[PDB]
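*Asks:* Build me a model:
(2 chains, ligands or ions: 3)
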Amino acid sequence: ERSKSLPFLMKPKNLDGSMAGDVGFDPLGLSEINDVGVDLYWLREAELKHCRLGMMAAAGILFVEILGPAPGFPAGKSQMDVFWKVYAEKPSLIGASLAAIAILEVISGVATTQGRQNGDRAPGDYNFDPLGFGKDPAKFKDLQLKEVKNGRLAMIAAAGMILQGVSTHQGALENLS
Amino acid sequence: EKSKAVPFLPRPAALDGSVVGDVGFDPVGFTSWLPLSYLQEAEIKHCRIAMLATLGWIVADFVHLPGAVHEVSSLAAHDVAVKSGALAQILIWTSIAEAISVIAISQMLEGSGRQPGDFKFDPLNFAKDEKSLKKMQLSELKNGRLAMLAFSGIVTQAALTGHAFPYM
Ligand code: CLA
Ligand SMILES: C/C(C=C=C1C(C)(C)C[C@H](O)C[C@@]1(C)O)=C/C=C/C(C)=C/C=C/C=C(C)/C=C/C=C(/C=C/[C@@]12O[C@]1(C)C[C@@H](O)CC2(C)C)CO
Ligand SMILES: CC(/C=C/C=C(C)/C=C/[C@@]12O[C@]1(C)C[C@@H](O)CC2(C)C)=C\C=C\C=C(C)\C=C\C=C(C)\C=C\[C@@]12O[C@]1(C)C[C@@H](O)CC2(C)C
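*Replies:* Residues are numbered from 1 along each chain as shown, chains lettered A, B, ... in the order given. Ligands and ions are numbered 1, 2, ... in the order given. And now the structure:
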């Protein structure tokens, strides 16, 4: 009856055990929202998209700062400020990436709403397993848990890197030391 | 359910299997409120127009017709051809063809039996049975889509950088 994460709180009604990373940590009861097209399905899809985006962004920042930029690309070690140097010399790359992300996000929203309507697609599912790393069950649950935990950690990390780069105008590991 | 192209999206519910080049790609559901034959005709018309346009752009940046008016790049050829009246002739004959097309598409939508884009233009055969016709329709659709995207890229790159045939 009590949430596993917060023993002083009752179990959130909509979070039983199903989703990976579920420990009952919903103090504000946001999982019970059923308005403005927002429900547990939409919240989970948003959480998974945030997890994946944060993982990609943190990996990119760390890669560029440690191993350096790719040939022909600007340096500076400040990832929040090197973006304007890339846009100053290769605006077409940024524009094409933005257009591609826009199209993919329109497709993602359509897929989310459709899967919410005629329930056949789990939240965050895009059938993207080209290498077959999660075919069999009893490993899919473990992979989902790993992805969720890594994505939450990378969300926090990427938000921290964004704020550090905006404020200190220095590199992430530069702030570290 | 679970359209072939986008495996996580539902089938567009208007494209089951009985159209050439039908991989179930309609995420925004254009076929849900527009006739399928109308959209097919529009797509095939775009394919043919853009194939001709890509070939003409690339060729005219290499070979020029005799005369001083034809000595401009394809990027600047529009303002020269419109002034000389060269594009007026193309406009006149294209308008005639498109009025006949108005009649044809109206008849196709109101029964008839004319397949979308089927003008029966076939001096040579190149398509003897149903299988050959289907294969060549798929080839035409794929080549037309590729040429539409290719002309888009060619024009955008040439406008961005006023370069010759290599528009990099
Ligand atoms: C979308 C189709 C299209 C359009 C609008 C244009 C437009 C133009 N072309 Mg052009 N061209 C095209 C296709 C096209 N071309 C193709 C496919 C080729 C390859 C043979 C060429 C080869 C070409 C050359 C070599 C030159 C031009 C030039 C020009 C410019 C002025 C003279 C002229 O009209 O061309 C004259 C066109 C030709 C001599 C060949 C056209 C052959 C046609 C397109 C193929 C048969 C299709 C058939 C007749 C369709 C019937 C239509 C129906 C309604 C009845 C003008 C901007 C001239 C210029 O100023 O260059 C900058 C020039 O020197 N074009
Ligand atoms: C209606 C809609 C879409 C939809 C739909 C459909 C289509 C109807 C389908 C469904 O049926 C429903 C629904 C709702 O899904 C809404 C669209 C979404 C919006 C409104 C898009 C918002 C995106 C904004 C982002 C993601 C911007 C991020 C900015 C960054 C800046 C980066 C910086 O580097 C910059 C530039 C400068 C640097 O110095 C430092 C920083 C600041 C870090 C980080 O990235
Ligand atoms: C949109 C795009 C790029 C957009 C870039 C933009 C907006 C950038 C704009 C800017 O930089 C400028 C210009 C100047 C700056 O000052 C301002 C900004 C704004 C910064 C590229 C698309 C590029 C699109 C591309 C490359 C498409 C390739 C498509 C292929 C290969 C298709 C293949 C098929 O069609 C066939 C062949 C057969 C079919 O049946 C099957 C498939 C597979 C679908």
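*Asks:* can we go C-alpha only for contacts and neighbour counts from here?
*Replies:* Noted.
*Asks:* For chain A, list the residues in contact with ligand 3, please.
*Replies:* A:91, A:92, A:94, A:95, A:96, A:99 (Cα under 6 Å from any ligand atom).
*Asks:* ok, now with 8 Å
*Replies:* A:87, A:90, A:91, A:92, A:93, A:94, A:95, A:96, A:97, A:98, A:99, A:100 (Cα under 8 Å from any ligand atom).
*Asks:* now chain B
*Replies:* Residues of chain B lying near ligand 3 (Cα under 8 Å from any ligand atom): B:21, B:23, B:141-143, B:145-147, B:149-150, B:153, B:156, B:160.
*Asks:* Now stretch A:116-136: buried residues?
*Replies:* A:116, A:121, A:123, A:124, A:134 (16 or more other Cα atoms under 10 Å in any protein chain shown).
*Asks:* and chain B, which of these reach it?
*Replies:* residue A:121 (Cα under 8 Å from any Cα of the partner chain).
*Asks:* Just the buried residues of stretch A:116-136: which are in helices?
*Replies:* Assigned to helices by DSSP state H, the following of the buried residues of stretch A:116-136 qualify: residue A:116.
*Asks:* Measure how buried residue A:174 is and give me the count.
*Replies:* 12 (other Cα atoms under 10 Å in any protein chain shown).
*Asks:* Centroid-wise, who is the farthest residue in chain B?
*Replies:* residue B:68 (30.7 Å; Cα atoms, centre = their mean).
*Asks:* So that residue belongs to a helix, correct?
*Replies:* No - counting by DSSP: H, G, I helix; E, B strand; the rest coil, residue B:68 is not part of a helix but coil.
*Asks:* which helix of chain B spans the most residues?
*Replies:* Chain B, longest helix under DSSP H: helix B:130-160.
*Asks:* Around residue A:71, count how many other residues there are.
*Replies:* 7.
*Asks:* picking up where we left off before, wait, which of the residues of chain B next to ligand 3 is closest to ligand 1?
*Replies:* Closest to ligand 1 out of the residues of chain B next to ligand 3 is residue B:147 (11.5 Å), distances taken as Cα to the nearest ligand atom.
*Asks:* now the residue nearest to that closest one when sequence neighbours are not counted, what's its secondary structure?
*Replies:* Excluding the flanking residues, the one nearest residue B:147 by Cα to Cα, 6 or more residues apart in numbering or on different chains is residue B:51, at 5.1 Å. Three-state call for residue B:51 (three-state DSSP): helix.
*Asks:* do residue A:65 as well
*Replies:* helix.
*Asks:* wait, what's in contact with it?
*Replies:* A:77, A:79, A:171, A:172, A:173 (Cα atoms under 8 Å, 6 or more residues apart in numbering or on different chains).
*Asks:* right, and out of those residues, which lies closest to residue B:167?
*Replies:* In terms of Cα to Cα, no member of these lies closer to residue B:167 than residue A:79, at 31.2 Å.
*Asks:* and the gap between the residue nearest to residue B:147 and ligand 1?
*Replies:* Distance from residue B:51 to ligand 1, counting by Cα to the nearest ligand atom, to the nearest Å: 8 Å.
*Asks:* Quick one: name the residues of chain A near ligand 2.
*Replies:* Counting by Cα under 8 Å from any ligand atom, chain A sits next to ligand 2 at A:80-81, A:83-84, A:105-114, A:162-163, A:165-166.
*Asks:* now the residues you listed: which count as buried?
*Replies:* A:80, A:81, A:107, A:108, A:110, A:111, A:112, A:114, A:162, A:165.
*Asks:* which SSE is the residue nearest in space to the middle of chain B in?
*Replies:* The residue lying closest to the centre of chain B (Cα atoms, centre = their mean) is residue B:47, at 1.7 Å. Element membership for residue B:47 (DSSP states H and E) is helix B:36-60.
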